[PDB]
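To begin, one chain is listed below as C-alpha cells, in the form deposited in one PDB entry.
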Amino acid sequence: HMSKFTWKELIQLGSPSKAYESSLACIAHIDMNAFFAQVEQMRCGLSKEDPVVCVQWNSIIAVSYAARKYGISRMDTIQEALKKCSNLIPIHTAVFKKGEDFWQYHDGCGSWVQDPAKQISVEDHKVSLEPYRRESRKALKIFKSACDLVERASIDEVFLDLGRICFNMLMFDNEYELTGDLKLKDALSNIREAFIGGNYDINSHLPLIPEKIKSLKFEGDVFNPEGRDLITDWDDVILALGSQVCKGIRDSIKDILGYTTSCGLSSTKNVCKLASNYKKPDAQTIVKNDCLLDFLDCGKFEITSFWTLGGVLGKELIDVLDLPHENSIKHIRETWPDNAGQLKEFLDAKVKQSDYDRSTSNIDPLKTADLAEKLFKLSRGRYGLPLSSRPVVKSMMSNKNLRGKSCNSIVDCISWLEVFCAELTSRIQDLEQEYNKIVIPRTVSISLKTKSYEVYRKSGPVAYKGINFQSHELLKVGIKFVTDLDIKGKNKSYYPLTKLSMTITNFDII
C-alpha cells in the first residue's frame, strides 16, 4: 500500500507560485485580536490583565479581552462599560487638533471624566490611526522575515504560506528532535533517501509514513471531536511541522512587540480564517484534512460564513439552492455529493426557468461552472485561493464630518486642510516603507458639504517641484481650491460646512 498523495503535490510545496494549489498546503492565518487595545495597553506599560478599552469619541472601537470578561463589547458606550467595570481603563486614541499638523495623545482625557478641562472635543479634533499603522508595520517586518510569502489581509490580519519552510524541514532538517532518542533525519530517512535518489515518477505515490513519525507532536489545539488518529499521512506530518514553526513566529511577535495572536492552521485560506476566529486569544487552532468536515459542521458556520459569500450573493444562493437555515454547508455537500457538475446543472436549470429575474440577479449565468466549483470545494473545505499581494494604492482620502460652527469661514477650512495634509503624508510614509519605493500623488481633489448639504468639488494637478515634498505642496493647491469654491459659493447658502475632505489620486511609484 502507499500514501494517498503524490510526489508532485509534495514538491509543489517548494514553489511559492503553486504551493497553495496542493492538498498538502500548509497555510496560516494570524490575527492580533483587539489590536488597537493591545497597542494602547503596551504604550501605557500595562499588562494583559489590565482591562483596557480603546475609545474614540463616545464609542468603543477595541475591547481588550480582559475587559470582555466583564461583558464589554463594541456596542456599548464608555458609560455603559464603566457600569460594567469600575476599574476600567479607557484609553482614547491619539488625535489631531484643528489647525495643527501633528497628532498628540491626551491620556487621562475623554468624555467619561467630569473635569471640563480633561475633554477631547469632537468639534475641533480628528482621530489619528498612525500609532496603529506604525505598530502593524512592525508586525509585518517580523512576518516577512520568517516567511517568504506573506499577505497583509488587514491592519491586524495576515496569511502565511509555510510551504517552503515545511518542505525543507521535512527533507533536510537534521537538528529537530521528536524525543530524546529520535531525530527527524532518522525517522524520515526513508522518504529523504527516496527524494535525493530521484528514482520516482512525479505522479508516483509517496511511500507510507513510517511508524516512527507518529511521535511528532502538534503545537496547538488540534480540532478533533471524533477522536481521529492525529498523524495518518503526509498532510498531517506537514501540518504538524507547520504548527511548530508557526508557534515560533507568533512568539516572536510577543517577545519583540508584546502582542498576542490567535491562529488558524490548515490547507486553505478560507478554513485558516475560520480557525483563527474559533478560539482566541493567544490560541492556535489546527484543522487536519481528515477533520475538515467535522470543523465546517461544528455548528458555528453556515454558507454565509465564507470570505465572499457574506453579502447579497450568499442570501440569493440560500433561495436559489433552497438551502436550510442551519447546516447549509452539509446540505450543499450531500445534495450534490458526486461532482461540481451536478451543482452546475442545477444552477443552469434555475436561471433558465421562468421568472429567473436575470436583470437584477447577482449570479452570472455564464460563470455557473466557476461558481459551482467554488461552492463544491468550500463545503468540503478544499477551496484554496493564493496568497495575493495588497493591490497598489489608487486613492487616499482624509475627511472630517463637521457638526456645528467648527468650519464657518475660509480660515477654518485651511485649519482642517492642515490636518488632512498631515494624515495623508503619514499614510504615504507608511506606504513608502511597504513598497520600498517613493510614492508621489499627482492630482488632488477637495470636496465639501454646505449647511444645506450640497456638494462642491474641484480637482487638479499638484506640482511637486523636487521629489516627495508633500504636506506643503498639495496644501498650496488645497488652499487654492477651497478659495475657488468659496468664490463659487459667494451669495449662496454655504457656511457653516458639514463635511470637508481631501483626496489624492494618480500615484507614481518609482
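Counting begins at 1, following the sequence as shown.
Beyond what is shown, the protein has a form deposited with a small molecule bound; the following relates to that form.
- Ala62 is the sole member of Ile446, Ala62, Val477, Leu485 with a non-hydrogen atom within 4.5 Å of the small molecule in the entry with it bound.
- In summary, among the residues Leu182, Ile89, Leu321, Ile155, the only one with a non-hydrogen atom within 4.5 Å of the small molecule in the entry with it bound is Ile155.
- Of the candidate stretches 44-52, 469-477, 451-459, 31-39, only 31-39 has residues whose heavy atoms lie within 4.5 Å of the small molecule in the entry with it bound.
- Every member of the trio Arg68, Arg74 and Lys280 reaches the small molecule in the entry with it bound with some non-hydrogen atom inside 4.5 Å.
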